[PDB]
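This report refers to the structure that appears directly beneath it.
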2 protein chains.
Amino acid sequence: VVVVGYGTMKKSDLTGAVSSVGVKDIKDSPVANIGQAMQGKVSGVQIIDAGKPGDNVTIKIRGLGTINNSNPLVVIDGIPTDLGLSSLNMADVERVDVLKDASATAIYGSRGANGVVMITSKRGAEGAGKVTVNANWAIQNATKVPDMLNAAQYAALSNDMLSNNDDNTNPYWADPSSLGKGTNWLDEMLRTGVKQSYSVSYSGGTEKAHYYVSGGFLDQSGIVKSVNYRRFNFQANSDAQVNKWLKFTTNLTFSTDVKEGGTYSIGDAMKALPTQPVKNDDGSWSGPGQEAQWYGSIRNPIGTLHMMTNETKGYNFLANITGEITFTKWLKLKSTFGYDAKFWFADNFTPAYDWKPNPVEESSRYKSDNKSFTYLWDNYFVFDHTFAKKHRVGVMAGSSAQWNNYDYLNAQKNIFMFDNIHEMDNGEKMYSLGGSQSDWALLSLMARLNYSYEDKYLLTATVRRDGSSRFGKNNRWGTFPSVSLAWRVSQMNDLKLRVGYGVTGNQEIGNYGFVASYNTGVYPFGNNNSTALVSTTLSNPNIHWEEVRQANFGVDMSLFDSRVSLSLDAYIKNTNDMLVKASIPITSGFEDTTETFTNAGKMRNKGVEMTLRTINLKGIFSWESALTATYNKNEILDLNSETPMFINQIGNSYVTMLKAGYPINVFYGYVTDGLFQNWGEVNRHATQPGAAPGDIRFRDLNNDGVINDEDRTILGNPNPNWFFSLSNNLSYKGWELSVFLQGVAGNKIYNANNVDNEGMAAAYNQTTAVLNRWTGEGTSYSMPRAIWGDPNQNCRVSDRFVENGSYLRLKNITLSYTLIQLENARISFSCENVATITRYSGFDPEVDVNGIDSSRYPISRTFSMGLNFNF
Amino acid sequence: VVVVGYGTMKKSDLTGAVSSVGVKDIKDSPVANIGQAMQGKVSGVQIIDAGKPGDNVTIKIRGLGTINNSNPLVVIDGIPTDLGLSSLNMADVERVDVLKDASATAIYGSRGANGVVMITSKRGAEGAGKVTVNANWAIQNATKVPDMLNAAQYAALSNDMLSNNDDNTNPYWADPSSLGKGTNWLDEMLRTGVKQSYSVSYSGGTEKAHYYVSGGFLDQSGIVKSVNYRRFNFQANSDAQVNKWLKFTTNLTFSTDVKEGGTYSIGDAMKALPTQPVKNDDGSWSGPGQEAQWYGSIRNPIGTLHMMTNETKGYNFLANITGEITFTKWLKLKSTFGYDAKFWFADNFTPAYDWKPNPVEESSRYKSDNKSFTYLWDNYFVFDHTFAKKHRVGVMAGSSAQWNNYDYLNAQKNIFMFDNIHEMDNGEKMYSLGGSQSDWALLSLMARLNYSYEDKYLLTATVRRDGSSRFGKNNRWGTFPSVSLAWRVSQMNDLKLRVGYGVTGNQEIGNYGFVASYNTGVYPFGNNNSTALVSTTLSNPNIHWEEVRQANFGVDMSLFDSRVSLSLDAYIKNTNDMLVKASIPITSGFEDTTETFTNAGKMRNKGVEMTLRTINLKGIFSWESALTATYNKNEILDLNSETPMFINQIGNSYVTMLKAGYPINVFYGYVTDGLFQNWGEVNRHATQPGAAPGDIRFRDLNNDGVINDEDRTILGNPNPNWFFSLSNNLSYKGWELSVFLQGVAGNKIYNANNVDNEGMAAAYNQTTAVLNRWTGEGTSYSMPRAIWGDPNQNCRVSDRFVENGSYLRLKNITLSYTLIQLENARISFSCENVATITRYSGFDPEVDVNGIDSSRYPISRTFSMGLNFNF
């Protein structure tokens, strides 16, 4: 069975698009959190990894919905919470269910617009008690590392750059070959990480009672020099039947985590000169020389990493108590109470040290505290009866309530005298101090009806009325109806058609968005000053949710004597009342620069999803496979404006651009043609400031003869079009082998790291791609010359830094064998990210949503061995 | 059965002094916390109430042991914690056991020197499930309120005082009778409190599993105008038998509390003049006039109470997981892990207001955070076998470990502009900021042996080795052996004799007591200054625990066909290695003013305890009774000094005094003889500065003719000698009546409130006892005259302010009757502190340990009605 919110339903009776992940999938994954364990295992959901331990992945369902927060809703044991997925132990997760179509997400009303993720924990089973012990060890190494120049090559490049600009060169760098090799910062900054995990739990069952107690421990070290992560978990579940008409359920969760790490930056490491030794002759940390144009101004990364310490602690508590009263055979009442408390603490300390480029003469300590409490209370009725042995009617109706509180505080001191003893009482000079508070509330009413007719025609209807404090006084309440249909053709072995339609909403618009902002002012009287309030950012009492309408069609098929399955889904999603920039009339007394928003935007998404599974080979050898494909298309309809929006500034210009009729986050820049070879080509070409031979030539889109801002166009679409995956499973006498494939094609990636690593206009270490630069006529046709300051602006926004993002990756290969009194015993060996096929030149093709790569944490490759016991 | 630590034992097999409180006692108590519910119910334990909601009572076992922290040790479900008793729900407490003699407290070693309190929670029972619902409502009112003068009487007193000192009087107070009555501050400051409590729980049982889930809510309002207290509780217990040789136990506890209250003071209320109206004609708060000698300088208490707000929140988490492995039939292994986390938060805010005596022109906010985490891990073996069907041997041995961490932080800001919006971001001026950290650890080894011989001779031996980080490097480890004997004469129906002897220790000496303190200094060089450290309070690497030796004798009897019981206990307790002030030689480079301590003090305590129970009447009427008596004597042997120690300064002099050969905290002051009647008596009496007719005459202890400091002696002993109580219970056809008596006699109380309320030397409101003062020759013989400034120092430390502390109180009278499908239903009516018989003149005879009363929270009288359901 599957969970669809406020109840359970069979898979065969589902009238919407519901996808589930079983225990058999998440059983030997070497990943830490559950988020990385379901990447590519489900259709219609895109998951992007992060890499840093303790972080969470990014989940997007059926493409981007708005230009605002579009993250889905996470529900844990019926409690909608904001807890991160990295804080949940994977060893005690039963199954994960994802709701995509509006026919199933309408039950949540004002929150189920971007999809709902359901997580269910394990429970005890009837019979004798069981004890399960698990362990795992792993090592991690970086996948791909860019190649940088050595001391001699950098010296030659610097000499060429300074000679081309008619500037004095380094007196002792006239013989680059004598310098040698130098120091590699990337090799010293990276190491091999070690990950170990342990878990133990026991469970039992009885016809009237059940119990389950778990607990685990995890320790992980990052691939960089100083990052650590620890996590402790504990969970207890219970279920008792007090009498015939009473029943109780209890779920408790507790977890802690500790995060460490120094001050580091990948960009600074990639820009550190290879001619500088790590340490001086006396052991002190080195630094750049006095001449900025010869040594740069990059502070030593290793010193900052090994001298600065950052720490963070967190504590999380989750509770859930559920009751149930049985009045008659066909009537039940259910009550549920939820609790959730979180705490955060931060601690930073920067010792005072005389750094060569910029010394630090003031040691400081930073601390911060955080709290948050969330409550829930749900009450609803359950009805189920059969009429004339054919008609089945199921009606559920009730209410819900939820509110939250938040607070924080931070401070800082200085001096501290001795570095070893740096408690808060040691310092004397206070630096900063502040805090605030926020809260919100929500109320709702729900009603759902289910109908069946001879197992040949199913009809479901749902209506929900929601009211939140985030909305204005004029749009406090709203209604989100829904309806779906499903019938079977059989009553080619089976066939089923599903049609649905519903309306949902999104309320992630922040808090206190209907209140203007005032700044304190004074008005001089004859001899006294009186404080006055000046209004700014006028109130908007018409702010409400964002409307989303969706239509879905589904087909279910079974072929070859119920051996293979097929699933086809086509959806059209429309977004209305999107928040966009508003227009402020001059007669209103305010200026247009005020940041006021209104519900006027629109967006449209559509695509097709596919799923196919085959189980062909049987007998001694068992072979299974699963093919998943997904297509999506994005389009922006209106933005309530006549001018495009420019965001995501890189360098001194904006990269992305938003315009009606085009996909989101599309690039916008110049187009490169070639390289100048002589003055004759420059003279007869269109005018261009700072033109010289060996520079990049830009095309003239408009026939005006002048290269200017108007010569820009769309470069590429960061949103991919095709998502695909493939899995295989073999089994023969205990031995089993699993191979998983995953890849994404149809997107472009903007490499922002190459802006400074290929510009050759500053004292930054370059990559190996600058060796074949333009040093004369006919020497090269793609790589320009080296010049200090870049008068021609060869590093501007153009198609030079745009690369294909399509890739195919071998995700996981796992081989395990099944073996004092014991019941079960298995040993597993697995690997992650064994190989990758792509044309991208960088750390990893996996980038963020808008396709911009700028000093991201590298993705590692993991080799692990497992172990599993069972008493 | 009873719990004695790391196991259980039958009551009949106990070889030491162990007392227990059953469920039948704590079943209808209207008190909030468990501490107030066991006052006088147990012999050898003294409990003093507090009165303020959310506070904890003071517990002392068999008299004071040291001049330092002598509070006992609290153990909850085998976890030694510092959690207050007010944070525990009384509805789910099974029984409370107290260990007194050293023969039973030696198992805890370095912590069981002042007694151990054991608290056990309820657990599920085999059979069908049960549901229990409880409710209670109550009201509270002050018991006794002192009587103060009115406007006319105060005006007359002020006129007399100013005329006797030859000073100008109030021009418009020449006719006191025209003033009227005035305002009573005590009547306005006090109200009637309301207390309500609810609880609900369910439990079940199975031959292999058990469970128990509880939860409650409590709200209480104090008798003063603005004090509130709320508490939420939740607890879940489980016990499962996975297989034949495995077993697990789990206990979880969670609780929160919120405390409020303004700025108030009983002393200021009792000193406010009755001629000042509460508010002015325009509604603003009133205040004292410009003339200090006519109106005083007492700020308005009502305004401070209603304008200043203080808030405090707390969160507590307690966990306990226990395992057990059975190797053979006569061998078992047990493991236990304990967790404990606490959080505190504070919030204060004082609005700026122009108070008449001292205006406040700066509004400030104060915040504070607290954390504390404690861990435990115990592992020990259990052996039990029978030899030759007669000899029974039980051996237990193992280890233990425990450590703790602590941290805190606080800050403050000012201005805040608007009072309504006072978030931390509003303020601009930082005021203060600080924090610190502390920790400790402990390790131990344990071993206990039990022997039996034909149920006629029992021998028990126990040895424990402890090591803590609080001790010096020279006394890291120690040993605490023990031994006891017991045999039965029968093998007058039964007879049993118990003899025991053991050595325990106390380690409540603080943290980092072996580390000297340094202060930063500078030393001027030729042109620069270098920081230097100056040593102070030299290190003491010889600091260790405090040794206590105790011998106990016990007799158990049964008379009249096992109808009545009797218990006699005699104990002698000696204290060694007590921490006292040390002597610093001049050659050591330090002064005598340094606060250094060493183990040199001694103390001795002894007494007799009695217990008697009768169940005489049977049949339709059931009558039961219990008589408890206790005698104790205290004595101080040595203090490693030749001069008495003076502490507890009141006014401008010290009251208490410590000296060898005398009890602790004994008073020390002058002795009053009478009142001067004429100048002839003054002239022929011993010299006395500021002598005048109508003043108090002090006796001359030494025949020197001069009244000076040497004319002081011991006034009284605050430590009582006799503790007694009596209880009765009736039952007839559901109806039951219970009457409980309790009283303490043999102690003196020093009334520090009368120092300012009877001195008549300042602008303070006086009590009604000043009406019959000395206004002429022969007018009075006890009450002196009224004079401004008190030249004779009539309010000095003497026997004038010493009153008898003996009292007898009617504690509780409870009447309850035993009555839709239901199983049980009862309605209960109860009262608390119905009447009190005493000669003390004050709020209540219940005072602190040293017998000093100074502006304490009044003790209220409670009337309550109960209700109990059972499904």
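Labels for the structure tokens follow display order: chains A, B, ..., residues from 1 in each chain, ligands from 1.
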
- Message: Tell me as a count of residues only which residues belonging to chain A come within 9 Å of chain B, counting only C-alpha atoms.
- Response: 33

- Query: Can you list every residue in segment 587-757 of chain B that DSSP puts in helix (DSSP H, G or I), as a PyMOL selection string?
  - Reply: chain B and resi 587-588+679-684+754-757

Write a file of the selected residues as a PDB file, in the first residue's frame, keeping N, CA, C and O atoms.
```pdb
ATOM      1  N   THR B 587      56.585  33.477  55.656  1.00  0.00           N
ATOM      2  CA  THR B 587      57.708  33.091  54.813  1.00  0.00           C
ATOM      3  C   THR B 587      57.279  32.523  53.465  1.00  0.00           C
ATOM      4  O   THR B 587      58.134  32.332  52.594  1.00  0.00           O
ATOM      5  N   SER B 588      55.989  32.252  53.271  1.00  0.00           N
ATOM      6  CA  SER B 588      55.499  31.703  52.014  1.00  0.00           C
ATOM      7  C   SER B 588      55.309  32.762  50.936  1.00  0.00           C
ATOM      8  O   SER B 588      55.001  32.407  49.793  1.00  0.00           O
ATOM      9  N   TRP B 679      16.937  59.595  85.713  1.00  0.00           N
ATOM     10  CA  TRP B 679      18.371  59.838  85.595  1.00  0.00           C
ATOM     11  C   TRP B 679      19.155  59.181  86.725  1.00  0.00           C
ATOM     12  O   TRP B 679      20.338  58.869  86.553  1.00  0.00           O
ATOM     13  N   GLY B 680      18.519  58.968  87.879  1.00  0.00           N
ATOM     14  CA  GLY B 680      19.213  58.328  88.986  1.00  0.00           C
ATOM     15  C   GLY B 680      19.634  56.906  88.667  1.00  0.00           C
ATOM     16  O   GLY B 680      20.737  56.482  89.022  1.00  0.00           O
ATOM     17  N   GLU B 681      18.760  56.149  88.002  1.00  0.00           N
ATOM     18  CA  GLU B 681      19.120  54.796  87.587  1.00  0.00           C
ATOM     19  C   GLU B 681      20.247  54.817  86.563  1.00  0.00           C
ATOM     20  O   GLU B 681      21.143  53.965  86.598  1.00  0.00           O
ATOM     21  N   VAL B 682      20.215  55.781  85.639  1.00  0.00           N
ATOM     22  CA  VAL B 682      21.245  55.869  84.609  1.00  0.00           C
ATOM     23  C   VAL B 682      22.600  56.187  85.227  1.00  0.00           C
ATOM     24  O   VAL B 682      23.623  55.601  84.852  1.00  0.00           O
ATOM     25  N   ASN B 683      22.632  57.122  86.180  1.00  0.00           N
ATOM     26  CA  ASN B 683      23.904  57.564  86.746  1.00  0.00           C
ATOM     27  C   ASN B 683      24.608  56.443  87.504  1.00  0.00           C
ATOM     28  O   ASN B 683      25.827  56.276  87.378  1.00  0.00           O
ATOM     29  N   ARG B 684      23.867  55.667  88.290  1.00  0.00           N
ATOM     30  CA  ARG B 684      24.466  54.634  89.125  1.00  0.00           C
ATOM     31  C   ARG B 684      24.693  53.323  88.385  1.00  0.00           C
ATOM     32  O   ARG B 684      25.267  52.393  88.964  1.00  0.00           O
ATOM     33  N   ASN B 754      11.662  42.645  62.423  1.00  0.00           N
ATOM     34  CA  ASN B 754      11.369  43.585  63.498  1.00  0.00           C
ATOM     35  C   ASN B 754      12.501  44.569  63.753  1.00  0.00           C
ATOM     36  O   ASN B 754      12.309  45.517  64.522  1.00  0.00           O
ATOM     37  N   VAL B 755      13.672  44.368  63.144  1.00  0.00           N
ATOM     38  CA  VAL B 755      14.774  45.307  63.329  1.00  0.00           C
ATOM     39  C   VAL B 755      14.399  46.681  62.789  1.00  0.00           C
ATOM     40  O   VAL B 755      14.659  47.709  63.426  1.00  0.00           O
ATOM     41  N   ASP B 756      13.777  46.721  61.612  1.00  0.00           N
ATOM     42  CA  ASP B 756      13.342  47.980  61.021  1.00  0.00           C
ATOM     43  C   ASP B 756      11.895  48.319  61.356  1.00  0.00           C
ATOM     44  O   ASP B 756      11.525  49.499  61.337  1.00  0.00           O
ATOM     45  N   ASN B 757      11.072  47.317  61.656  1.00  0.00           N
ATOM     46  CA  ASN B 757       9.664  47.532  61.961  1.00  0.00           C
ATOM     47  C   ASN B 757       9.408  47.823  63.435  1.00  0.00           C
ATOM     48  O   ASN B 757       8.263  48.105  63.804  1.00  0.00           O
TER      49      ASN B 757
END
```

- Message: Can you tell me, as number ranges by chain, which residues in segment 449-651 of chain A count as strand (DSSP E) by DSSP?
- Response: A: 449-453, 457-468, 477-488, 494-506, 517-524, 529-536, 546-559, 564-581, 597-615, 622-638, 645-650

What would the file look like if the residues just selected were written as a compact mmCIF listing (two decimals), in the first residue's frame with C-alpha atoms?
```txt
# COMPACT_ATOMS: atom_id res chain seq x y z
CA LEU A 449 -14.84 11.62 -1.05
CA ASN A 450 -14.07 8.24 -2.63
CA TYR A 451 -16.42 6.21 -4.82
CA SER A 452 -16.19 2.77 -6.44
CA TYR A 453 -18.51 0.92 -8.82
CA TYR A 457 -15.20 3.02 -12.40
CA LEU A 458 -13.50 5.05 -9.66
CA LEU A 459 -14.29 8.68 -8.85
CA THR A 460 -12.52 10.85 -6.27
CA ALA A 461 -13.27 14.43 -5.26
CA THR A 462 -11.46 16.72 -2.84
CA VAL A 463 -12.08 20.27 -1.60
CA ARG A 464 -10.03 22.21 0.94
CA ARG A 465 -10.35 25.70 2.43
CA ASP A 466 -7.20 27.32 3.82
CA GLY A 467 -6.44 30.48 5.76
CA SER A 468 -3.01 31.77 6.78
CA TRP A 477 -9.29 32.53 2.82
CA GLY A 478 -9.32 30.48 -0.37
CA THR A 479 -10.63 27.27 -1.90
CA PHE A 480 -8.76 24.57 -3.84
CA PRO A 481 -11.10 22.02 -5.45
CA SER A 482 -10.03 18.86 -7.27
CA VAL A 483 -11.50 15.95 -9.22
CA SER A 484 -10.20 12.80 -10.91
CA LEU A 485 -11.48 9.83 -12.89
CA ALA A 486 -10.23 6.30 -13.53
CA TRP A 487 -11.64 3.19 -15.19
CA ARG A 488 -10.38 -0.17 -16.43
CA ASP A 494 -4.48 -5.35 -18.10
CA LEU A 495 -5.23 -1.77 -19.07
CA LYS A 496 -6.12 1.33 -17.06
CA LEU A 497 -6.72 4.98 -17.94
CA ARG A 498 -6.41 7.88 -15.49
CA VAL A 499 -7.67 11.45 -15.96
CA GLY A 500 -7.24 14.15 -13.33
CA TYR A 501 -7.50 17.89 -12.80
CA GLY A 502 -7.01 20.11 -9.77
CA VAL A 503 -5.96 23.49 -8.43
CA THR A 504 -3.26 24.02 -5.80
CA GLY A 505 -1.45 26.97 -4.25
CA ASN A 506 1.86 28.16 -2.85
CA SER A 517 8.73 49.80 6.55
CA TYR A 518 9.43 53.01 8.48
CA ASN A 519 12.71 54.76 9.27
CA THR A 520 13.23 57.10 12.21
CA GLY A 521 13.52 60.79 11.39
CA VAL A 522 13.48 64.16 13.12
CA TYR A 523 11.77 67.49 12.48
CA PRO A 524 13.40 70.63 13.96
CA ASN A 529 13.76 68.07 17.91
CA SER A 530 10.82 65.67 17.65
CA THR A 531 11.13 62.13 16.29
CA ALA A 532 9.08 61.38 13.18
CA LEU A 533 8.31 58.29 11.10
CA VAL A 534 8.73 58.37 7.31
CA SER A 535 6.73 55.84 5.32
CA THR A 536 8.49 53.69 2.72
CA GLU A 546 -0.05 31.76 -6.12
CA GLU A 547 -2.50 29.72 -8.20
CA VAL A 548 -1.38 26.63 -10.13
CA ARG A 549 -3.65 24.63 -12.45
CA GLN A 550 -2.65 21.19 -13.71
CA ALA A 551 -4.18 18.53 -15.97
CA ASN A 552 -2.85 14.97 -16.07
CA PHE A 553 -3.37 11.89 -18.25
CA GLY A 554 -2.09 8.42 -17.44
CA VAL A 555 -2.04 4.98 -19.04
CA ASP A 556 -1.12 1.71 -17.31
CA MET A 557 -0.34 -1.42 -19.33
CA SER A 558 0.81 -4.99 -18.80
CA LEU A 559 2.23 -7.16 -21.58
CA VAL A 564 6.57 -6.46 -18.21
CA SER A 565 4.87 -3.21 -17.21
CA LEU A 566 4.46 0.23 -18.76
CA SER A 567 3.40 3.66 -17.53
CA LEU A 568 2.81 6.80 -19.60
CA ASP A 569 2.05 10.22 -18.10
CA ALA A 570 1.39 13.51 -19.88
CA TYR A 571 0.89 16.73 -17.92
CA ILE A 572 0.26 20.41 -18.59
CA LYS A 573 1.00 22.80 -15.72
CA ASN A 574 0.05 26.49 -15.65
CA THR A 575 1.13 29.03 -13.03
CA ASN A 576 -0.89 32.15 -12.22
CA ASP A 577 -0.70 35.04 -9.75
CA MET A 578 3.09 34.83 -9.62
CA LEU A 579 4.81 37.56 -7.60
CA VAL A 580 6.59 40.09 -9.84
CA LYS A 581 7.82 43.66 -9.54
CA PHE A 597 5.46 42.92 -5.37
CA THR A 598 2.09 41.83 -6.74
CA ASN A 599 0.51 38.69 -8.18
CA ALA A 600 0.74 39.21 -11.94
CA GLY A 601 3.21 36.70 -13.43
CA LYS A 602 2.47 33.57 -15.44
CA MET A 603 4.36 30.44 -16.45
CA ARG A 604 3.66 27.19 -18.31
CA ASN A 605 5.30 23.77 -18.11
CA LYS A 606 4.54 20.51 -19.90
CA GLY A 607 6.20 17.18 -20.58
CA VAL A 608 5.90 13.41 -20.80
CA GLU A 609 7.10 10.80 -18.29
CA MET A 610 7.76 7.12 -18.96
CA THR A 611 8.50 4.03 -16.88
CA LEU A 612 9.18 0.46 -18.00
CA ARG A 613 10.24 -2.65 -16.08
CA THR A 614 11.14 -6.12 -17.39
CA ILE A 615 11.71 -9.41 -15.55
CA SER A 622 17.31 -14.00 -12.23
CA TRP A 623 17.64 -10.89 -14.41
CA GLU A 624 15.64 -7.69 -13.88
CA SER A 625 15.78 -4.24 -15.45
CA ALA A 626 14.03 -0.88 -15.23
CA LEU A 627 14.05 1.90 -17.83
CA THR A 628 13.07 5.47 -16.93
CA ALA A 629 12.71 8.41 -19.31
CA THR A 630 11.45 11.96 -18.84
CA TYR A 631 10.92 14.93 -21.15
CA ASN A 632 10.12 18.48 -20.05
CA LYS A 633 9.70 21.91 -21.62
CA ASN A 634 9.58 25.31 -19.91
CA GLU A 635 8.05 28.58 -21.09
CA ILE A 636 7.46 32.03 -19.58
CA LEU A 637 4.23 33.75 -20.64
CA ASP A 638 4.00 37.15 -18.93
CA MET A 645 15.04 41.33 -15.89
CA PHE A 646 18.80 40.88 -15.44
CA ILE A 647 20.12 38.92 -12.45
CA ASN A 648 23.07 36.71 -11.42
CA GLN A 649 25.84 39.25 -11.84
CA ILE A 650 29.26 37.72 -12.53
```

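Atom to atom, atom CA of residue 276 of chain A and atom CA of residue 182 of chain A stand 7.4 Å apart.
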
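Reported to one decimal place, the separation of atom CA of residue 512 of chain B from atom CA of residue 538 of chain B is 12.7 Å.
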
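Atom CA of residue 34 of chain A is positioned 16.7 Å from atom CA of residue 135 of chain A.
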